[PDB]
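Undergrad: Attaching a single structure in structure tokens format; questions to follow.
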Amino acid sequence: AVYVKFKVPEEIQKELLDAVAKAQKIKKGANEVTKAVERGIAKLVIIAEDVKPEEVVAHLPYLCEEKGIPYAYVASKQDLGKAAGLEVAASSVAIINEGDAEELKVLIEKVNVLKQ
Amino acid sequence: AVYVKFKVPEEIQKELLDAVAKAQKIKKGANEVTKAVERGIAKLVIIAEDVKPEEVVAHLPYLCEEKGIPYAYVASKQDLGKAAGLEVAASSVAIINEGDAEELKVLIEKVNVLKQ
Amino acid sequence: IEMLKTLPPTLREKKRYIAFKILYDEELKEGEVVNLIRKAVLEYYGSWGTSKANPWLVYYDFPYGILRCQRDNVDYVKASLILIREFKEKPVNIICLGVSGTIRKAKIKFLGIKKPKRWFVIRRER
Amino acid sequence: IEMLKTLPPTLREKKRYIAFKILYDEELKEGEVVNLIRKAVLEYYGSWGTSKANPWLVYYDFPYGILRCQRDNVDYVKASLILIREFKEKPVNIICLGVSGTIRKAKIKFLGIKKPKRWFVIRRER
Amino acid sequence: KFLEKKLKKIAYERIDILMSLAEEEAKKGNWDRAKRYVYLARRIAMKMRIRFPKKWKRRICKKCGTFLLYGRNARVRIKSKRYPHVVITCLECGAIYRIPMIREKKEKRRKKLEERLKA
Amino acid sequence: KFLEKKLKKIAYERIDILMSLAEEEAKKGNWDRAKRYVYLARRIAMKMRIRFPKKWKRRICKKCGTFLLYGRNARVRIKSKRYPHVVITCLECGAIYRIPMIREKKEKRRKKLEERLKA
Amino acid sequence: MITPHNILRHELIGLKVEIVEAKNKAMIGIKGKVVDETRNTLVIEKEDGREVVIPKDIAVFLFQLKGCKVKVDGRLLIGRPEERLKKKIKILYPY
Amino acid sequence: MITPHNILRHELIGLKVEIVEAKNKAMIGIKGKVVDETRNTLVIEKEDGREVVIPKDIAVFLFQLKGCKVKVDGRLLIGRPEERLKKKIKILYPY
Amino acid sequence: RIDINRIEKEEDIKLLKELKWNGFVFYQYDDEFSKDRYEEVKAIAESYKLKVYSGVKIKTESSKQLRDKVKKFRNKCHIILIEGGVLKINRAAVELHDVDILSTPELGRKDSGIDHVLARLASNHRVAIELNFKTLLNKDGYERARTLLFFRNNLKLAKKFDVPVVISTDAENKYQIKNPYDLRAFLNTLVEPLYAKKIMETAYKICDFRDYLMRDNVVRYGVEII
Amino acid sequence: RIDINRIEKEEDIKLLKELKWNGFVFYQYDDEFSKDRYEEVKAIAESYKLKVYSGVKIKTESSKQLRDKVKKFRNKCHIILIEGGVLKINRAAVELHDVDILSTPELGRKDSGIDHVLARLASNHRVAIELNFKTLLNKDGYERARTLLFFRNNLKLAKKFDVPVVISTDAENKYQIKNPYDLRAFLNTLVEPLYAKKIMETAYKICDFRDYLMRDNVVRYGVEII
RNA sequence: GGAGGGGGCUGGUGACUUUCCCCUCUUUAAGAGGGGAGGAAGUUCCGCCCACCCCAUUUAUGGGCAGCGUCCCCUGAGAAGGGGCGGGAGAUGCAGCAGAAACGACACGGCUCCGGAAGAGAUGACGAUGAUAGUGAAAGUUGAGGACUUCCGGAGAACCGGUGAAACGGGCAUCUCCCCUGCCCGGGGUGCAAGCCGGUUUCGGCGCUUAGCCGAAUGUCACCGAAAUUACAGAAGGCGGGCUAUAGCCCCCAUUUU
RNA sequence: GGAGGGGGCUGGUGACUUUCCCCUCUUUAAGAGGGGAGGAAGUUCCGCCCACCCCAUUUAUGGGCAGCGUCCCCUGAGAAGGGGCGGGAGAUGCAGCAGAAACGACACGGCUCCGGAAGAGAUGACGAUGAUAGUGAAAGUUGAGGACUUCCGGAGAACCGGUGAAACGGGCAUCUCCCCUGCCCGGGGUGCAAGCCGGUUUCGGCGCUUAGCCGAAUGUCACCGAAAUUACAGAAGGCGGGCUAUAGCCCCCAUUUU
Ligand SMILES: [Zn+2]
Ligand SMILES: [Zn+2]
């Protein structure tokens with residue numbers, strides 16, 4: 001509600017959920033996505049919208065903008081963990097190696113159009 | 001009338017005529033009395049009063065006063081020459097050596113009283 | 001005979017000629033406008049200020065007029081023209097036109113356009 | 001109420017008190033001697049010279065009198081006292097006695113010998 | 001009351017434009033310039049007695065006054081073993097401040113108790 | 001005429017006191033002082049057009065203006081061989097002036113002719 | 001928003017300011033944004049980059065709004081940025 | 001004879017003259033006879049023998065007659081000794 | 001050069017323009033003013049060559065209830081002018097600091113024009129004293145002297161405390177109009193030629209400021225164009 | 001401080017001594033003067049404490065035949081004073097250079113007091129102009145103005161050419177006597193405080209010179225004692 | 001250090017007002033800018049440009065100016081001020097009185113010769129107010145039993161004239177020509193109130209202005225400076241020279257004084 | 001060179017008038033001579049001399065002042081201005097809201113032990129909002145077929161509290177005593193409008209003056225100089241210190257500028 005900077009369409013929102021499920025080479029947790037963005041291996045950072053409290057992921061949009069890493073939002077926290085491969089919901093997921101989803105992650109990079 | 005400076009009494013006027021006749025060592029003439037007063041041998045100079053012109057004896061009172069020689073006047077020019085020993089009148093007679101009249105010539109020196 | 005030699009210009013008085021006009025309906029005489037000025041100087045200047053200013057009226061035919069004052073005191077006598085309020089049935093209001101050093105500039109600047117020289121032609125003829 | 005604060009002594013007026021006397025046979029009132037002075041100031045000073053001098057009469061019981069004028073213009077108002085010649089049947093001749101900076105020296109130098117202080121004793125009592 | 005609320009609408013922007021100007025100047029490298037802006041923002045808050053926004057609250061070290069850029073001069077971590085809290089530490093001075101979420105942790109404990117009792 | 005004669009009575013003394021003052025100063029030795037007095041006496045004579053006295057006439061050299069003291073600065077002699085005359089010559093400058101008495105010599109010639117014809 | 005009425009309560013920091021009239025001849029004609037603000041001295045950095053010290057009381061500033069331009073004297077702008085927000089009312093007369 | 005009326009026509013040379021008033025302080029108090037005379041300067045020799053130069057117009061002289069003493073200003077005594085005898089009339093006023 | 005008088009016809013207004021005057025003030029000395037006098041006064045100004053600024057007048061009401069009333073009436077006219085001899089009305093007029101000029105302190109009180117403390121409150125409130133010439137026109141000899149010594153006391157307070165001075169003829173008919181030069185010469189008579197010249201400028205400097213305030217959108221000495 | 005007036009009795013002469021005056025002048029305005037008025041005037045002077053100098057007057061006769069006549073009459077009195085408005089009488093009076101003062105050049109001619117060439121002949125002849133105060137006492141408003149502008153013209157010629165000025169009340173009765181201080185204040189009013197003080201000295205400096213001339217045997221400023 | 005004399009400089013800037021004046025410009029009639037009396041403008045002793053008439057058209061003749069600084073003379077406390085510029089010839093003047101004689105020389109008196117009268121041969125005449133007597137005879141030395149003369153008249157070589165400012169001889173002053181040296185060539189007469197023009201007595205314009213008025217303008221205040229609006233004084237076509245009156249400070253000199 | 005800040009100095013001479021005032025002297029009544037407002041006189045925050053009353057007659061006790069320059073803090077173009085002077089103990093205050101808790105420490109929540117309830121033995125509970133887990137447990141490194149728990153109540157050694165200007169702990173401000181070092185001893189209260197005297201309400205004199213008024217004087221002009229009557233301001237018993245407003249010139253500093 002506060003840390004979200006842009007409104008994400010629903011048709012591209014499933015494409016974030018498709019890219020994480022296709023690759024399955026990901027880091028889960030709020031600490032592991034922070035280590036991935038400062039090293040620069042992370043190509044896309046997925047942040048849930050329904051977090052509470054918001055302070056655990058509030059530094060994720062401000063760190064992704066300064067490092068130059070593209071990022072977008074997903075409305076559900078539980079559907080992010082199910083696509084990641086866990087029964088428990090994860091707040092955020094960053095991708096290291098896309099594999100088959102390298103063709104998809106360029107299409108997620110149209111979020112820069114949503115930024116301006 | 002002009003060159004006469006003092007009025008001579010008649011009682012002393014004969015004493016000028018007595019002093020010249022007693023001595024008979026005298027110089028006659030207007031030039032010889034002028035030479036006698038500037039040398040200083042002349043003790044008494046006798047000048048006639050009735051001369052004409054007066055310029056021949058006018059320098060005699062002014063020369064006798066500066067040299068310090070006593071002098072007095074006689075009224076007659078002819079009586080001066082007769083007492084001097086000449087038939088012709090002489091204008092003036094100066095005495096060099098009195099002789100017996102040395103006692104008289106001091107009494108003629110009271111003409112300084114007639115001067116003041 | 002009464003004849004006085006004119007003072008030299010170093011010793012002579014410095015004068016300015018006040019052009020004015022009385023604008024009204026009624027008429028004024030020459031003897032009236034010399035009296036109302038003289039009554040105005042004794043009230044404003046006083047007896048001491050009159051000799052300092054030396055006011056004099058030369059000529060008055062039209063509602064216009066020419067008045068004489070000193071060069072240093074044009075400012076005080078111009079306030080004397082405006083404080084006189086009435087003449088016995090009727091108001092007074094003198095409006096000045098300008099001042100100059102001679103009759104010749106004062107007669108052509110505001111009064112008229114031409115130059116008449118009348119003082120020269122009536123003295124030798126009469 | 002009408003109450004005005006007195007000006008500071010740097011800004012206040014400088015005044016001198018003129019002691020004079022009218023020596024004659026007939027009598028004069030207080031209303032007469034305030035009128036003949038005021039008629040004398042308008043003739044000599046004028047309307048402009050009156051505000052420069054600020055003439056004022058305080059008190060008149062005897063033929064003597066005390067008059068107020070400015071400190072710088074004692075000389076001009078003293079000539080105003082002598083030029084007034086007559087009052088309607090009878091001459092005027094004001095002889096001055098002296099001037100001073102206060103009532104206290106003027107009342108004892110020429111007018112009298114003692115000091116009455118009357119302004120203080122009638123203000124608090126009445 | 002009307003002049004007080006209109007001044008509060010003005011001063012709500014004065015803490016907002018001065019803080020956003022501090023954010024874009026802090027990434028330029030001039031840390032002394034960004035410290036000057038928030039010092040004016042910390043001074044203007046106590047004269048009106050108005051509060052800071054909740055977004056710009058945790059961005060400033062309370063000791064020195066430098067703006068914290070995450071990663072540049074700020075080391076932020078999530079420590080959740082003993083008690084769940086995030087820690088901000090200034091790399092310039094060295095002060096340490098923490099944000100516990102124990103009151104939000106208590107709700108999901110109480111929410112899971114109601115889900116076990118209903119099921 | 002009355003003011004002319006009274007001025008002439010005054011000026012007759014002015015040539016008399018100024019000449020007698022010149023006579024007593026000339027024997028003092030100051031010949032320049034005595035020349036100054038008679039130069040004032042020779043100047044005051046020609047303004048009034050008055051004559052010198054007969055006693056003080058022959059006392060002054062007409063060339064230079066020094067007072068002549070008989071014997072001191074003046075050499076006077078009686079030369080009576082050819083024509084009877086007395087000569088004054090100034091020892092200072094050297095001018096020569098003479099006083100002939102031929103008109104007084106002519107009277108004693110004429111007086112002796114009348115004595116020879118009567119006798 | 002930025003209005004000419006609330007421009008005396010507005011924060012000058014972050015606004016393009018140019019000076020049209022000044023007693024000193026050098027300060028006329030400079031354009032830039034205000035960085036810092038004191039009681040009677042504005043700090044304006046140019047587009048060239050030169051920091052220039054500008055007193056408020058001696059000059060008049062032309063503020064750049066969202067499109068609009070407002071001419072307000074610096075004699076109305078006396079005061080620190082702290083107490084100017086609360087209540088500062090100044091009266092000027094051109095005599 | 002010497003009279004106070006004819007003292008302006010009299011010759012000053014040969015008369016004991018003393019000065020009572022003068023603008024210069026040295027010339028007051030000297031006594032002696034006049035030796036020489038010019039237009040506006042008297043020459044007086046003292047009994048000491050010192051020749052002193054005295055202008056006429058600045059002082060007043062006290063002449064010694066045969067017994068009598070006369071006080072006459074030197075402002076009446078303007079002129080050379082030549083033309084003063086003929087006709088010289090001067091008028092003075094003490095203002 | 002600014003004049004304050006009452007307009008009757010065209011001929012006296014045509015006469016003052018021919019001599020010296022540049023612009024003058026319409027002086028409505030009544031409580032009944034409207035646009036009917038305002039539509040005529042523009043016809044006289046555009047008649048030969050002129051500019052007129054119209055002002056209103058209020059007189060002898062209470063202290064603070066007059067202040068709330070005339071502030072509504074000043075929004076329709078250009079300038080206002082307050083007169084009064086009572087000192088409690090004279091003191092209350094300067095605190096409102098929206099009045100430009102004040103007149104007649106010598107004919108209502110007949111004691112003194114301006115007090116010392118009255119000049120100090122006129123400093124930060126910027127209220128000028130207006131001098132009148134209609135008064136000396138119809139007085140007597142001593143009555144002309146009394147207002148003149150009151151005026152000399154008003155000049156020294158306005159010179160030391162720097163209070164602006166504006167002269168007016170305060171004329172009523174065709175012939176009470178005076179020229180500015182004798183009015184300059186009357187102020188040159190009193191104190192100084194320097195202070196007499198600055199009085200004519202404060203007559204001018206008032207009507208530019210009051211006009212330019214209501215000409216365009218100017219609020220608190222700040223103008224907004226474009 | 002010297003006054004010129006006409007003595008009638010003792011009380012007005014006793015009054016002028018009590019205020020400021022030191023010595024004054026008896027002013028016989030007739031052709032019939034004798035020792036009978038002179039033996040009375042010494043009794044008034046020795047009455048309280050006073051000194052009086054008596055003078056005579058002549059008026060409107062011919063130019064040069066009046067000069068031979070009044071020179072005989074001046075040998076019996078102290079001073080003389082000539083009046084006249086005719087310029088040929090005014091010019092003839094200054095050439096004789098034995099008169100001390102001259103009066104009334106403004107009431108007989110009514111054109112101008114002193115001419116430019118008349119002041120230059122008064123320089124080497126040393127004749128003073130005497131100013132009168134009896135004239136302004138009984139004039140009208142403009143008549144007081146005319147003699148005053150004539151007096152201002154007489155002051156500038158006497159200041160430039162250094163002509164002495166002596167004031168007089170020229171009084172006739174008991175009450176036309178004025179004090180010297182207002183007379184000093186009236187001359188301080190006209191031109192200067194410096195020139196007003198020197199006028200009182202030339203009033204004094206005349207009567208010492210005329211007295212000391214006929215006191216002892218003084219002829220052509222030369223006194224003979226012992 | 002104090003009375004005095006001579007020489008030099010005498011305005012600038014700012015403000016107000018076209019109602020102090022002129023000129024210029026623009027402009028909803030008024031504003032802005034610039035300039036505004038001197039070393040004498042006074043005195044009229046001058047000249048020229050400028051104008052008009054007469055003769056002449058000439059450096060052939062002739063006219064005009066200059067001989068400066070320097071030097072000479074006179075007067076004052078002797079610094080300073082005033083006047084004049086060589087020579088030759090001719091004419092007049094130096095009155096009055098005095099002197100032989102007063103401006104070229106002379107006559108006249110002392111000297112010599114002739115004529116007449118008076119006195120006289122160991123006498124008489126004369127002579128110390130000068131005797132026979134000399135010198136280039138102004139002057140000076142001389143000075144007596146020195147000693148033959150004295151007067152009048154006429155004619156002549158040499159020397160000298162009691163006065164007066166000034167003389168058997170040289171000066172002074174004025175006027176006119178011929179002798180000089182240098183420079184320049186229309187020569188006189190009047191004069192801006194000249195002269196010209198519309199006008200046709202009278203008036204306006206021109207001649208007229210880096211102030212240009214004419215019934216005659218050029219003003220007031222403040223200040224640096226110290227040369228300042230103080231003294232004397234005020235333009236009338238301009239410029240140059242000479243005389244006259246003086247303020248302030250600088251420079252030079254004198255006297256008193258120390 | 002230009003706006004500004006701080007410090008210092010602020011009169012002298014001559015003339016007029018006792019009619020600007022005081023004092024003194026002589027003298028045919030008026031003259032002569034000398035002096036005449038400041039650095040703040042304003043502000044009343046002070047003290048003392050001077051007066052009066054009360055207690056006391058004491059440096060035994062005790063009281064009063066000072067710890068300066070220097071340094072510390074705050075504000076401006078950073079020259080300059082303002083305030084304060086060490087330590088110990090006790091009491092109160094830091095509201096409101098927020099925070100476990102607001103001034104001495106504590107209770108409370110994470111840690112340990114005990115009791116009760118629920119689920120479960122190749123399952124189920126929990127866990128990437130952090131799992132068995134360690135360190136002097138603020139902080140930081142760690143990051144999962146990890147894995148036996150979760151909640152409530154009570155008692156306790158050690159460590160740490162999302163707020164706010166400021167906290168399991170140290171500050172800030174005020175008041176009162178005891179610890180210091182130096183100097184001086186009558187201690188308080190009022191105050192010249194005090195207080196005293198002829199008088200006996202009221203008034204005059206004293207207290208009062210190298211200006212000394214009181215219905216409240218100290219004036220005007222010129223000039224050197226440049227510190228000058230200009231700005232702010234005007235005595236009322238005197239002196240000393242502090243604050244406040246500024247003219248003219250000199251000195252110092254800053255910014256703009258070059
Ligand atoms: Zn920090
Ligand atoms: Zn000789």
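Just so we're on the same page: first chain in the structure tokens is A, next is B, and so on; residues restart at 1 for each chain, and ligands are numbered from 1 in the order they show up.
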Around ligand 1, at most 12 Å away and counting only C-alpha atoms (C1' of nucleotides) and all ligand atoms, which residues are there? Put them as a list in words, please.
TA: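 Final answer, ordered by chain and number: residues 31, 35, 58, 59, 60, 61, 62, 63, 64, 65, 66, 67, 68, 69, 73, 74, 75, 88, 89, 90, 91, 92, 93, 94, 95, 96 and 97 of chain E.
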Undergrad: Go ahead and save the residues from that selection, with N, CA, C and O atoms, as a compact mmCIF listing (two decimals), in the first residue's frame.
TA:
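Generated output (selection_19.txt):
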# COMPACT_ATOMS: atom_id res chain seq x y z
N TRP E 31 27.18 14.45 1.03
CA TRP E 31 26.50 14.08 2.27
C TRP E 31 26.33 15.26 3.21
O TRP E 31 25.44 15.25 4.06
N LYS E 35 22.68 16.53 4.81
CA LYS E 35 22.55 16.70 6.25
C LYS E 35 21.98 18.07 6.59
O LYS E 35 21.33 18.25 7.63
N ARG E 58 12.20 6.42 9.29
CA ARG E 58 13.36 5.57 9.56
C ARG E 58 14.55 5.87 8.66
O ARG E 58 15.53 5.12 8.69
N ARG E 59 14.48 6.93 7.85
CA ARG E 59 15.55 7.19 6.89
C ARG E 59 16.71 7.97 7.50
O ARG E 59 17.76 8.08 6.86
N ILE E 60 16.57 8.49 8.72
CA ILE E 60 17.54 9.41 9.29
C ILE E 60 18.06 8.85 10.61
O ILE E 60 17.29 8.44 11.48
N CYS E 61 19.39 8.85 10.74
CA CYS E 61 20.02 8.54 12.02
C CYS E 61 19.74 9.67 13.01
O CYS E 61 19.85 10.85 12.66
N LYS E 62 19.37 9.31 14.24
CA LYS E 62 18.98 10.31 15.22
C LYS E 62 20.20 10.96 15.87
O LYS E 62 20.09 12.03 16.48
N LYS E 63 21.37 10.32 15.77
CA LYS E 63 22.57 10.86 16.40
C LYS E 63 23.21 11.94 15.54
O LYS E 63 23.31 13.10 15.95
N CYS E 64 23.64 11.59 14.32
CA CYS E 64 24.43 12.51 13.52
C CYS E 64 23.56 13.37 12.60
O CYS E 64 23.72 14.59 12.56
N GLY E 65 22.63 12.74 11.88
CA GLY E 65 21.76 13.46 10.97
C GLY E 65 22.01 13.23 9.49
O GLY E 65 21.48 13.98 8.67
N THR E 66 22.80 12.23 9.13
CA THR E 66 23.03 11.93 7.72
C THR E 66 21.88 11.10 7.16
O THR E 66 21.30 10.26 7.85
N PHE E 67 21.51 11.38 5.90
CA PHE E 67 20.55 10.54 5.20
C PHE E 67 21.15 9.16 4.94
O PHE E 67 22.29 9.05 4.49
N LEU E 68 20.37 8.12 5.21
CA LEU E 68 20.80 6.75 5.01
C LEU E 68 20.29 6.24 3.67
O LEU E 68 19.07 6.13 3.47
N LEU E 69 21.21 5.95 2.75
CA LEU E 69 20.88 5.27 1.50
C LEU E 69 21.17 3.80 1.72
O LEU E 69 22.28 3.44 2.14
N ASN E 73 25.43 3.93 2.47
CA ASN E 73 25.90 4.28 3.80
C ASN E 73 25.05 3.61 4.87
O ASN E 73 25.14 3.96 6.05
N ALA E 74 24.24 2.63 4.49
CA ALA E 74 23.34 1.98 5.43
C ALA E 74 23.46 0.48 5.27
O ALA E 74 23.44 -0.06 4.16
N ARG E 75 23.58 -0.20 6.41
CA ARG E 75 23.60 -1.65 6.46
C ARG E 75 22.36 -2.12 7.21
O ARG E 75 22.31 -2.05 8.44
N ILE E 88 19.03 -0.49 11.56
CA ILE E 88 19.72 0.46 10.70
C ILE E 88 20.93 0.99 11.46
O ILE E 88 20.82 1.37 12.63
N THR E 89 22.09 0.97 10.82
CA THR E 89 23.32 1.48 11.40
C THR E 89 24.02 2.40 10.41
O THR E 89 24.19 2.05 9.24
N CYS E 90 24.38 3.59 10.87
CA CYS E 90 25.01 4.59 10.01
C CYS E 90 26.48 4.24 9.82
O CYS E 90 27.19 3.97 10.79
N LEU E 91 26.92 4.24 8.56
CA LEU E 91 28.33 3.95 8.28
C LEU E 91 29.21 5.15 8.55
O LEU E 91 30.44 5.01 8.66
N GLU E 92 28.63 6.35 8.66
CA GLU E 92 29.42 7.55 8.91
C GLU E 92 29.79 7.66 10.38
O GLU E 92 30.98 7.70 10.74
N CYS E 93 28.79 7.70 11.27
CA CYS E 93 29.07 7.88 12.69
C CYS E 93 29.18 6.55 13.42
O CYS E 93 30.17 6.31 14.13
N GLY E 94 28.19 5.68 13.28
CA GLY E 94 28.21 4.38 13.92
C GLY E 94 27.10 4.12 14.92
O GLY E 94 27.19 3.14 15.67
N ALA E 95 26.06 4.95 14.95
CA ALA E 95 24.95 4.72 15.86
C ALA E 95 24.07 3.58 15.36
O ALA E 95 24.05 3.25 14.17
N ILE E 96 23.34 2.96 16.28
CA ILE E 96 22.53 1.78 16.01
C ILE E 96 21.11 2.03 16.51
O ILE E 96 20.91 2.36 17.68
N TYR E 97 20.13 1.87 15.61
CA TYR E 97 18.72 1.94 15.95
C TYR E 97 17.99 0.74 15.35
O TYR E 97 18.34 0.27 14.27
Undergrad: What residues in chain H lie within 10 Å of chain K, counting only C-alpha atoms (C1' of nucleotides), written as a PyMOL selection string?
TA: chain H and resi 23-27+38-41+53-55+58
Undergrad: Please produce an output containing C-alpha atoms for each residue in the selection, written as a PDB file, in the first residue's frame.
TA:
ATOM      1  CA  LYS H  23      52.297 103.634  17.600  1.00  0.00           C
ATOM      2  CA  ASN H  24      55.820 102.183  17.810  1.00  0.00           C
ATOM      3  CA  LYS H  25      56.863 101.656  21.422  1.00  0.00           C
ATOM      4  CA  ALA H  26      60.538 102.528  20.963  1.00  0.00           C
ATOM      5  CA  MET H  27      59.950 106.075  19.712  1.00  0.00           C
ATOM      6  CA  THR H  38      62.107 115.652   4.907  1.00  0.00           C
ATOM      7  CA  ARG H  39      58.476 115.344   3.798  1.00  0.00           C
ATOM      8  CA  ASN H  40      57.303 112.724   6.322  1.00  0.00           C
ATOM      9  CA  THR H  41      60.410 111.983   8.398  1.00  0.00           C
ATOM     10  CA  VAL H  53      64.671 108.096  12.283  1.00  0.00           C
ATOM     11  CA  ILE H  54      61.212 109.399  13.215  1.00  0.00           C
ATOM     12  CA  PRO H  55      58.249 109.444  10.792  1.00  0.00           C
ATOM     13  CA  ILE H  58      52.536 108.215  13.156  1.00  0.00           C
TER      14      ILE H  58
END
Undergrad: Contacts of residue 182 of chain I at 9 Å or less, counting only C-alpha atoms (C1' of nucleotides), minus same-chain residues fewer than 2 places along, as JSON, numbers by chain?
TA: {"C": [75, 76, 78, 79, 81, 82, 96], "I": [178, 179, 180, 184, 185, 186, 187]}
Undergrad: Take the residues that were just selected and, keeping N, CA, C and O atoms, output them as an mmCIF file, in the first residue's frame.
TA:
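So the final result, stored in part.cif, reads:
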data_model
loop_
_atom_site.group_PDB
_atom_site.id
_atom_site.type_symbol
_atom_site.label_atom_id
_atom_site.label_comp_id
_atom_site.auth_asym_id
_atom_site.auth_seq_id
_atom_site.Cartn_x
_atom_site.Cartn_y
_atom_site.Cartn_z
ATOM 1 N N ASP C 75 8.940 85.874 -3.724
ATOM 2 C CA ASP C 75 8.187 84.773 -3.133
ATOM 3 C C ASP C 75 7.237 85.265 -2.044
ATOM 4 O O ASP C 75 6.136 84.728 -1.882
ATOM 5 N N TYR C 76 7.644 86.283 -1.284
ATOM 6 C CA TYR C 76 6.813 86.743 -0.176
ATOM 7 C C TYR C 76 5.680 87.640 -0.665
ATOM 8 O O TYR C 76 4.594 87.653 -0.076
ATOM 9 N N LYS C 78 4.236 87.436 -3.609
ATOM 10 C CA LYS C 78 3.275 86.645 -4.371
ATOM 11 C C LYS C 78 2.246 86.006 -3.444
ATOM 12 O O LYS C 78 1.102 85.759 -3.845
ATOM 13 N N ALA C 79 2.632 85.744 -2.194
ATOM 14 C CA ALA C 79 1.666 85.295 -1.197
ATOM 15 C C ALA C 79 0.824 86.457 -0.685
ATOM 16 O O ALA C 79 -0.246 86.250 -0.101
ATOM 17 N N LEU C 81 -0.491 88.633 -2.695
ATOM 18 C CA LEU C 81 -1.518 88.876 -3.705
ATOM 19 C C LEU C 81 -2.734 87.983 -3.491
ATOM 20 O O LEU C 81 -3.828 88.282 -3.984
ATOM 21 N N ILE C 82 -2.562 86.878 -2.761
ATOM 22 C CA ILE C 82 -3.597 85.849 -2.724
ATOM 23 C C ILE C 82 -4.359 85.885 -1.403
ATOM 24 O O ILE C 82 -5.444 85.302 -1.282
ATOM 25 N N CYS C 96 -1.385 85.437 -10.919
ATOM 26 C CA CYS C 96 -0.148 85.932 -11.511
ATOM 27 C C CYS C 96 0.115 85.208 -12.826
ATOM 28 O O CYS C 96 -0.300 84.055 -13.006
ATOM 29 N N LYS I 178 -6.032 78.436 -6.489
ATOM 30 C CA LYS I 178 -4.768 79.155 -6.561
ATOM 31 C C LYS I 178 -3.819 78.379 -7.456
ATOM 32 O O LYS I 178 -4.052 77.212 -7.787
ATOM 33 N N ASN I 179 -2.737 79.045 -7.840
ATOM 34 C CA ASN I 179 -1.684 78.428 -8.629
ATOM 35 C C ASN I 179 -0.728 77.704 -7.685
ATOM 36 O O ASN I 179 -0.675 78.030 -6.493
ATOM 37 N N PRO I 180 0.016 76.700 -8.163
ATOM 38 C CA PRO I 180 1.001 76.036 -7.293
ATOM 39 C C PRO I 180 2.211 76.890 -6.940
ATOM 40 O O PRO I 180 2.892 76.599 -5.952
ATOM 41 N N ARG I 184 3.880 77.327 -3.539
ATOM 42 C CA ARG I 184 5.288 77.036 -3.306
ATOM 43 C C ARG I 184 5.984 78.233 -2.671
ATOM 44 O O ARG I 184 6.821 78.073 -1.773
ATOM 45 N N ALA I 185 5.624 79.444 -3.105
ATOM 46 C CA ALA I 185 6.211 80.654 -2.544
ATOM 47 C C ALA I 185 5.744 80.921 -1.119
ATOM 48 O O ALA I 185 6.479 81.550 -0.350
ATOM 49 N N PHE I 186 4.549 80.462 -0.745
ATOM 50 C CA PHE I 186 4.103 80.606 0.634
ATOM 51 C C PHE I 186 4.794 79.607 1.555
ATOM 52 O O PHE I 186 5.023 79.908 2.730
ATOM 53 N N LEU I 187 5.147 78.424 1.041
ATOM 54 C CA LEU I 187 5.902 77.470 1.849
ATOM 55 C C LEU I 187 7.393 77.785 1.837
ATOM 56 O O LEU I 187 8.115 77.412 2.770
#
